[PDB]
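Undergrad: Going down the list, the protein sequences come from chains B, A and C. Residue 1130, in the deposited numbering, is where the first sequence stops; the numbers in between run on with no holes. Residue 530, in the deposited numbering, is where the second sequence stops; the numbers in between run on with no holes. Residue 1730, in the deposited numbering, is where the third sequence stops; the numbers in between run on with no holes. If you scroll down you'll find the structure; I have some questions about it.
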Amino acid sequence: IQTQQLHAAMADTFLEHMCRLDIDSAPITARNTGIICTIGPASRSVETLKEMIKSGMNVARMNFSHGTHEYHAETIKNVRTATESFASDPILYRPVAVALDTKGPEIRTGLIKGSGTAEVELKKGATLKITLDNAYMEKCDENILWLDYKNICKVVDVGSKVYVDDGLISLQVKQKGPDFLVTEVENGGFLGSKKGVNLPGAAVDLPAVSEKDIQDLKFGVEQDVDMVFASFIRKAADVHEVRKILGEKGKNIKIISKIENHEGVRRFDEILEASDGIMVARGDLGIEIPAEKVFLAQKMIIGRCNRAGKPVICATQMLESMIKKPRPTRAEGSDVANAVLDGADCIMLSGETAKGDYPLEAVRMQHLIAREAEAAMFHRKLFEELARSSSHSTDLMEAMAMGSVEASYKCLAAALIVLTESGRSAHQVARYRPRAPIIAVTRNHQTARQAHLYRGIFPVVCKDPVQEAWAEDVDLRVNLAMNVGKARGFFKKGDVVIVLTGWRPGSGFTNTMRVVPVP
Amino acid sequence: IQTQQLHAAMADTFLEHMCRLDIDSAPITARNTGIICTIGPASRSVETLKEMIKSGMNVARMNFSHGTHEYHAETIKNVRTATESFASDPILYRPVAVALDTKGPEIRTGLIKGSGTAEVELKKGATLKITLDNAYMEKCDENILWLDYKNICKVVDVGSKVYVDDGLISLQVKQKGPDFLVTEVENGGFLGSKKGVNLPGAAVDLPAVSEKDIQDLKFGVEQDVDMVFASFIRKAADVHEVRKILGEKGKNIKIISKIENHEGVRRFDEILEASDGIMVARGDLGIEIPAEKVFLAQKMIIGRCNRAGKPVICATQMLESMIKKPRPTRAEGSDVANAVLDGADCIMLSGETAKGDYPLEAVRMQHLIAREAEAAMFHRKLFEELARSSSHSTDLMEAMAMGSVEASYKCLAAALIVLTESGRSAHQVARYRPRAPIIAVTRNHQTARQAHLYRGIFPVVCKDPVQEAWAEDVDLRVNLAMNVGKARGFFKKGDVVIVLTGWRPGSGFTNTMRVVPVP
Amino acid sequence: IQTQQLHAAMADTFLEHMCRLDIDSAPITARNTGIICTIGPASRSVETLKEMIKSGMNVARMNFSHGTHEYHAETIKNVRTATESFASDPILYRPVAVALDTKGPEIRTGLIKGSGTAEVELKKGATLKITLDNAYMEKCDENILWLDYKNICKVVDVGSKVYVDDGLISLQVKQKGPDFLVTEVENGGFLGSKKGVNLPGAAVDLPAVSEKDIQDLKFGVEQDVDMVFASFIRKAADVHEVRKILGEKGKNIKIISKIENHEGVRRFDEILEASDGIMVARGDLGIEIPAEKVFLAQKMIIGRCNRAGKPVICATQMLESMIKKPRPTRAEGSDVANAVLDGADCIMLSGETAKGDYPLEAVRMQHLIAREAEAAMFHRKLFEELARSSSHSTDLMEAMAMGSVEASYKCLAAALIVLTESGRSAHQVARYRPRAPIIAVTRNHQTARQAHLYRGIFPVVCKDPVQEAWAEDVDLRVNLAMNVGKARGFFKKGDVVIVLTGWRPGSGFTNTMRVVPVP
Ligand SMILES: Nc1ncnc2c1ncn2[C@@H]1O[C@H](COP(=O)(O)OP(=O)(O)OP(=O)(O)O)[C@@H](O)[C@H]1O
Ligand SMILES: Nc1ncnc2c1ncn2[C@@H]1O[C@H](COP(=O)(O)OP(=O)(O)OP(=O)(O)O)[C@@H](O)[C@H]1O
Ligand SMILES: O=C([O-])C(=O)[O-]
Ligand SMILES: O=C([O-])C(=O)[O-]
Ligand SMILES: O=C([O-])C(=O)[O-]
Ligand SMILES: [K+]
Ligand SMILES: [K+]
Ligand SMILES: [K+]
Ligand SMILES: [Mg+2]
Ligand SMILES: [Mg+2]
Ligand SMILES: [Mg+2]
Ligand SMILES: [Mg+2]
Ligand SMILES: [Mg+2]
């Protein structure tokens, strides 16, 4: 019984590959898919945070949707505190990234009967008037609803829908003024105060970044975050707006755009081009667009990112059930696996880690699945497809990247060691999706942290100073990776590995590839 | 307008590939397909030879079915003399392989009027008597044909047909003696000395290894030949014998089994596995089996050799017309093209160089077709298919070769540079069919002549003394390849090349790959 | 029991397909590729015609570059005579197309000694004068050489080369005057009558449609030819022009455009678009462009027509040898085979039948090889690729064809029977390249003759009155095919067949497909 689906690995057709999948074919230890964990009341603590890390957490996400700078900073603190707890063991030391997830633009209704706690019941078939007249900003009721968005009438059409409270309530626009909308309740319910609004299919003119947003971003810069997950990206311009706020001081910050609505879906190509990476924000996306179309968008985005060699995250509700249970639903298991199969670089956990009763279990779970799924990919066919996709380019690093993955397959290397500073060299390899882990040694901590964004990349920080011999310094670095993979269980002495390096110190890329034996 | 059929190279389907072939898309200057010339009267002179090498000859074939050991050693003499005429400028110096073509279990004709260059014109409807009277051994003419097969009497029966010169002449047995036969000419033609006789279906019993064969064999050793073309090889057993004869002294000689009979097609696989290479010998084959079937054999044979990764030569009648004519026929043009496209490591000239009036041109012509066909190959598909085929192998040098070819494809490398001594590394690379030229640098003159056997290797002798410093020595050899490609106009400064070298002296194989710019 | 390369028909890769071609795997009786024979001095006789038909000939080409209207008219005559000689038993009657091969924008020498069957030897180094002096027109010879082109002196410089007979003979201009040219003979050979002059790379302003062209055109319309081989078509405008002269009376004559120069190639697409079909005229082409490039043209061209769904012919020097020999060269056998694998709908014979010694053998040999090659095609991949191409298209008859072919493969049907009058349903099928024979039953003679143009169509002329009842009438015709297929040995009882018919009369196509057993 082969391991790591190597039997299906050898199939000719996709169908044959499936037919060959084997529950009894064990996968390797090394889990390539990055796991992003939302931190919160359930996971903030150091002790916990140490467990999260032990469980497989690669990225700590900060949901700026709630909490104060003072809170989040305290969260980052603990994260950083937890991470360093292992630093004492440069070998067993694992980098953890920090991400800032913007609150983003928002539309909110007013107060019900001047109260924050009151409610009304909207009844299916009724009429309901939306006004912009702040006169009513605290006089909402069964007949009148005031909202935040001054420009609404401009972006919505008669016959369109307005969703209130996470799509809990649905309204149909029957009349439009310059100041109000006249709707008809389709999907009734109780209405509380200050609920969220969604305008499915609307091209919203709300700014790329809120005022709050500008503030959190500057904050994220001062905090030295590794990426930013930018909410509500609808077009390239919005990415550029974010880029601009982060500015020169934060030009190294990775900006991940969140696709959460039709627009974003429809203008995805430009957004992708402008971004550093993408997050498929299923939550809103599934509110914005028909829940039954989310999967298409999900696969569209994943594929296109794969094709461009830009990182992509699958997020939201992956293991939802696990907020209350130790074991997920079957669909949950399915989802994570397909996501991985689709090509997702990272997968995410929100409620599950943030507030749920089984944060660690959710992590471990994601870990378990990803590994299985990772073996189950159809690499030969995938590599082939990707290669065609990129055929337009004759880049050298890419050539180095393709040649090295191809050899890792050929001799079934146990790993690929890439020495990089910027991470570019490692990134090129990841994109060609080897099956073996990519252990990338760098002296740049940030590069190391950010590496997680990418599938298969396992960052290893070199904390030693530079030797007078390049060659020697290189050799060393290489050895380091070697002690790691060994310490990790990726391989053993005698195993074969693909080693990528720069020929000289001004190389510019890993232009030197080698097949080597583990000591 | 792209060069080197690169548009076509981009194709998704074979059909599309074909469709984009462009007469205006120009080939590169490096001809990858080895050219095998049969040296005889027309080409024996040292002066012709020189012109021969210049024009493209990589290997000299000495047909032991013709001339004497005396005639052949002189040939070999002018051969090495002409080659060696170019050893001053190590840059433009070219190795030229010497090959001995075996007699084997064949039936041969005597001497037309005591000239091994003599000929006579037979007529349709005429009578001819075949005798065994040695008193006619050197006395063949329009009226008496002496054979060398004693039993060919009990082997044929009246009404039968006897074929002379690869079916050139068909004789019908009309009267039987005990010492001879009287036949009638079924079709006219000329008639030489020492032509082969085929009795398709007949039951001749000829040892796999003539006394002569050993004679010839041991002479070849005496002459330091590089390889052996073993005529009418029928089984693997036949192969081990020759090997046995060659013995220790020639353990480095390469045995190229010649498939020229139904048995050899039939036992193809075991022969293959025993041989060092194969030769599709169509002259004989073409009479032995149905003409209309030769292409099957050919394709089949080419396919399994490539699949197997061993050199295959496609031989005989390729440019036939040109024995008398300056320019070939369209079918000959097609023939050569297709053979290259089928996958031949080399193509051959027989009557074309050994005794036609347009030998120089013939070689020339092969060169032209070869370049053009090499470009029209479907590298991308071929590589995928080859990879598939070798999938059970996990060989270290194969990984290296595959990564190399792959990179080379990606960046459109100008050449591949391999530093080898056995020349195995090189061999391995060529098996994956790179589009670029492989410059094979070696301090071993045999390995060097031998490399011609394989598609795309441009062997280059390194005559320099061995450097104390492994890296310096390496660089040494590298530059020499750098210089040749430059000389031969293979690339320029700022052109990119893949370099295969060994990490440490006595590295085993070329375990190091680099992308490098041409100096 | 191995048959029709069915094992190879199951390979996954092109490589494995090749690897599995078996000489011992016998082909079926039906020869799919049509055989075109140039009818000349050596094949004019009725008695010779009868054997050629018998021999596999489907079309006769009458070369207008040679002879007179009268000589050709008689040939037609004889053609039709040897044909209907078989009309006795409609089961065994085989239609024969009559093809008009045009003169075109060509330069042509004169009569060698008022003959035309006459030849002349030219020796190397000798002198020859080219003249425009009509008083030599029919008096050519070793000394004097008259030509078609009064401007030739303006179009060629001293030192230049003049090619006679498709490059057979190279003449270098030594000196020129107003009237004549003074050349020296560069290579020896037989110079015959009304030969071809190729002034490669020289501005000849010849007209697309000569008045003579015109003349001949009109002549063949009266001669009721089925098709036209338009020589030297350079651009679509040429076609329209031919089309133009064909006018109304011949709005049904198939115009087959011959690509025999650099322009024709270059403007191939629009040509193809305008023409009914294409010939690869390698004789002229091969001298018009570098010899080494013809296979590129041929492959690009055959591929493109396949794609298009239009019939393509591979022509010239396929079995050249056989003008004098009974057995072809290796190179020639590979060429016909390779032509068939390339995808040519038809193959041709020129000198081989027109004037050679072995007309019958050449034919048979084409028959022989084709069959073998038809088998060897990789039908599976080919069909997929063909589909990939045709994908934009949603034609109804195309779907029928495809489904039908698809079904034919699956159940290994013995044949497809198509009932058609226009012939289009049958072409549509032929274009999707089933392995099995298309028995095209029709009541249109012309249709039945022209069917030879298309790969795999076996035309059957139904001679019986129309049935009042469609069903019976259809049945009958089906019956016809059955009998014929049975008498030709295509299938036996209990064999399976695919049946293509129309539901109702005047169905515009065969919209009904059925799987049937032979009775
Ligand atoms: N050394 C030579 N001496 C004289 N004639 C030679 C020589 N080598 C080749 N020839 C001539 O060229 C012809 C073709 O050469 P080739 O090597 O193909 O020989 P072959 O008879 O056709 O035998 P084989 O089947 O082994 O190739 C020979 O038949 C012979 O007439
Ligand atoms: N009608 C004919 N009368 C006599 N000889 C003929 C005739 N047709 C063909 N031949 C001979 O056969 C040779 C080859 O025939 P073919 O039809 O191929 O002519 P061709 O000269 O090569 O010109 P093309 O390029 O049109 O094919 C001709 O050159 C001619 O000598
Ligand atoms: O913001 C998100 O993550 C979402 O909406 O899913
Ligand atoms: O022996 C050969 O080379 C042949 O028969 O073609
Ligand atoms: O006309 C032809 O066939 C040619 O020129 O090849
Ligand atoms: K958020
Ligand atoms: K021999
Ligand atoms: K013509
Ligand atoms: Mg959201
Ligand atoms: Mg020979
Ligand atoms: Mg032979
Ligand atoms: Mg022509
Ligand atoms: Mg011709």
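The C-beta atom is built at its ideal place from N, Cα and C for all residues, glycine as well.
#1: By Cβ distance, which residues of its chain are closer than 7 Å to C:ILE1355, with the 5 residues on each side in sequence left out?
#2: Any heavy atom of ligand 7 closer than 7 Å to the Cβ of A:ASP159?
#3: Which of the three DSSP states is assigned to C:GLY1245 in this structure?
#4: In this structure, what does DSSP give as the bridge partners for A:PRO470?
#5: With a threshold of 8 Å between beta carbons, is C:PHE1506 in contact with chain A?
#6: When you get a sec, list the residues whose CB is within less than 6 Å of any heavy atom of ligand 9, chain order please.
#7: Of all the CB atoms in chain A, is at least one closer than 8 Å to the CB of C:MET1511?
#8: Shortest alpha-carbon distance to B:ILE934 belongs to which of B:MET911, B:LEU971, B:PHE906, B:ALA942?
#9: Please confirm if B:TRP1114 has its CB atom under 8 Å from at least one CB of chain A.
#10: What number of angstroms, rounded off, separates the C-alpha of A:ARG488 from the C-alpha of A:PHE201?
#11: What would DSSP say about A:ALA386, mapped onto helix, strand or coil?
#12: Starting from B:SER666, trace the alpha helix (DSSP H) both ways and give me its first and last residue.
#13: Under 8 Å Cβ-Cβ, which residues of chain B neighbour A:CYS473?
#14: By Cβ distance, which residues of its chain are closer than 7 Å to B:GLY914, with the 5 residues on each side in sequence left out?
#15: Please state whether the Cβ-Cβ distance between A:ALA37 and A:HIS28 is less than 8 Å.
#16: Between A:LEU352, A:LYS336, A:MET290, A:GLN377, which lies nearest to A:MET329 when the distance is taken from Cα to Cα?
#17: Short check: CB of A:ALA441 to CB of A:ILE468, under 8 Å?
#18: Select from the stretch 1381-1400 of chain C all residues with a C-beta closer than 9 Å to any C-beta belonging to chain A, and list them in chain order.
#19: Counting Cβ pairs, one atom from each stretch, are 3 or more of them under 8 Å apart for the stretch 640-654 of chain B and the stretch 1091-1107 of chain B?
#20: Applying the criterion that 16 or more other CB atoms from any shown protein chain within 10 Å of the CB defines a buried residue, is C:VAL1396 buried or exposed?
#21: Specify, as a first and last residue, the run of the beta strand (DSSP E) that A:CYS422 falls within.
#22: For chain A, is any of its Cβ atoms less than 8 Å away from the one on residue 1149 of chain B?
#23: Could you tell me whether the Cβ atoms of A:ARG72 and A:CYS48 are closer together than 8 Å?
#24: Determine, for B:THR624, whether the minimum Cβ-Cβ distance to residues of chain A falls below 8 Å.
#25: How many Å lie between C:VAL1384 and C:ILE1318 at the Cα?
#26: Jot down the residue ranges of each uninterrupted alpha helix (DSSP H) in the stretch 203-284 of chain A, minimum 4 residues, whole runs only, in chain order.
#27: Pull up the distance between the alpha-carbon of B:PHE840 and that of C:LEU1483, whole angstroms please.
#28: What do you reckon, is the C-beta of B:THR927 under 7 Å from a heavy atom of ligand 3?
#29: Taking A:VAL250 and A:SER286 to be in contact with their CB atoms under 8 Å, please state how far apart those CB atoms are, rounded to whole angstroms.
#30: Leaving out five residues before and five after C:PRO1306 in sequence, what residues of the same chain have Cβ atoms less than 6 Å from its Cβ?
#31: Helix, strand or coil: which one does DSSP assign to B:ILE755?
#32: When you compare only the Cα positions, how much space is there between B:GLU662 and B:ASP759?
#33: Taking C-alpha atoms, which residue in A:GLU417, A:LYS421, A:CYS316, A:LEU427 lies nearest to residue 531 of chain A?
#34: Pick helix, strand or coil for A:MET376, following the three-state DSSP scheme.
TA: To lay it out plainly:
#1: Locating residue 1355 of chain C in the third sequence gives position 144, counting from the first residue. So the qualifying residues of the chain are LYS1340, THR1342, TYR1347.
#2: Here the question's residue 159 of chain A lines up with position 148 in the second sequence. For ligand 7, not one heavy atom lies less than 7 Å from the Cβ of A:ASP159.
#3: Position 34 of the third sequence holds residue 1245 of chain C. Strand, per DSSP.
#4: As a first step, residue 470 of chain A must be located in the second sequence, where it is residue number 459. Paired residue(s): A:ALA451.
#5: What you label residue 1506 of chain C is simply residue 295 of the third sequence in a count that begins at 1. By this cut-off, C:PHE1506 is an interface position.
#6: B:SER842, B:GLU871, B:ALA892, B:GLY894, B:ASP895
#7: Numbered from its first residue, the third sequence carries residue 1511 of chain C at position 300. Chain A contact via Cβ: present.
#8: On the first sequence, residue 934 of chain B is found 323 positions in, with the first residue counted as 1. Comparing Cα-Cα distances from B:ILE934 to each of B:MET911, B:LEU971, B:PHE906, B:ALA942, the minimum goes to B:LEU971.
#9: Residue 1114 of chain B sits at position 503 when you count from the first residue of the first sequence. Closer than 8 Å: yes.
#10: Here residue 488 of chain A refers to the residue found at position 477 of the second sequence. Here residue 201 of chain A refers to the residue found at position 190 of the second sequence. Rounded to whole angstroms, A:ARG488 to A:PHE201 spans 53 Å at the Cα level.
#11: Numbered from 1 along the second sequence, position 375 holds the residue referred to as residue 386 of chain A. A:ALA386: helix per DSSP, three-state reduction.
#12: Numbered from 1 along the first sequence, position 55 holds the residue referred to as residue 666 of chain B. Start and end: 657-666.
#13: Walking along the second sequence from the start, residue 473 of chain A turns up at place 462. Those do not exist, as A:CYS473 stays about 22 Å from chain B at its closest Cβ, beyond 8 Å.
#14: Here the question's residue 914 of chain B lines up with position 303 in the first sequence. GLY954.
#15: Start at 1 with the first residue of the second sequence, and residue 37 of chain A comes out as number 26. Start at 1 with the first residue of the second sequence, and residue 28 of chain A comes out as number 17. In this structure, A:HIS28 does not lie closer than 8 Å to A:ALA37 by Cβ.
#16: On the second sequence, position 318 is the one that residue 329 of chain A refers to. Closest by alpha carbon: A:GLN377.
#17: Taking the second sequence and counting its residues from 1, the one referred to as residue 441 of chain A is at position 430. Taking the second sequence and counting its residues from 1, the one referred to as residue 468 of chain A is at position 457. Against a cut-off of 8 Å, the Cβ pair of A:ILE468 and A:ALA441 comes out as a contact.
#18: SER1381, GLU1397, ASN1398, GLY1399, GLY1400
#19: yes
#20: Walking along the third sequence from the start, residue 1396 of chain C turns up at place 185. With 16 or more Cβ atoms within 10 Å of its Cβ, C:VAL1396 is classed as buried.
#21: Your numbering for residue 422 of chain A matches position 411 in the second sequence. Run containing A:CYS422: none in the beta strand (DSSP E); it sits in the alpha helix (DSSP H), 407-422.
#22: Since the first residue of chain B shown is 612 and the last is 1130, residue 1149 of chain B is not available in this structure.
#23: Here residue 72 of chain A refers to the residue found at position 61 of the second sequence. Here residue 48 of chain A refers to the residue found at position 37 of the second sequence. The answer is yes: Cβ separation under 8 Å.
#24: Counting from one through the first sequence, the residue named residue 624 of chain B turns up at place 13. No, its Cβ sits nowhere closer than 8 Å to a Cβ of chain A.
#25: Looking up residue 1384 of chain C in the third sequence gives position 173. Looking up residue 1318 of chain C in the third sequence gives position 107. C-alpha separation (whole angstroms): 17 Å.
#26: 222-233, 247-257, 273-277
#27: Here residue 840 of chain B refers to the residue found at position 229 when the first sequence is read from its first residue. Here residue 1483 of chain C refers to the residue found at position 272 when the third sequence is read from its first residue. Roughly 56 Å between the two C-alpha positions.
#28: Position 316 of the first sequence, counted from the first residue, corresponds to residue 927 of chain B. It does: the Cβ of B:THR927 is within 7 Å (strictly closer) of some heavy atom of ligand 3.
#29: Along the second sequence, one-based indexing puts residue 250 of chain A at 239. Along the second sequence, one-based indexing puts residue 286 of chain A at 275. Yes, A:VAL250 and A:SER286 are in contact; Cβ-Cβ is about 6 Å, under 8 Å.
#30: As a working mapping, residue 1306 of chain C is identified with position 95 in the third sequence. So the qualifying residues of the chain are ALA1659, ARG1660, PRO1670.
#31: One-based indexing of the first sequence puts residue 755 of chain B at position 144. The answer is strand: DSSP assigns B:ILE755 an E or B state.
#32: Position 51 of the first sequence holds residue 662 of chain B. Position 148 of the first sequence holds residue 759 of chain B. Going from the Cα of B:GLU662 to the Cα of B:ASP759 covers about 41 Å.
#33: Nothing can be reported for residue 531 of chain A: it is not among the residues displayed for chain A, which extend from 12 to 530.
#34: Locating residue 376 of chain A in the second sequence gives position 365, counting from the first residue. Helix.
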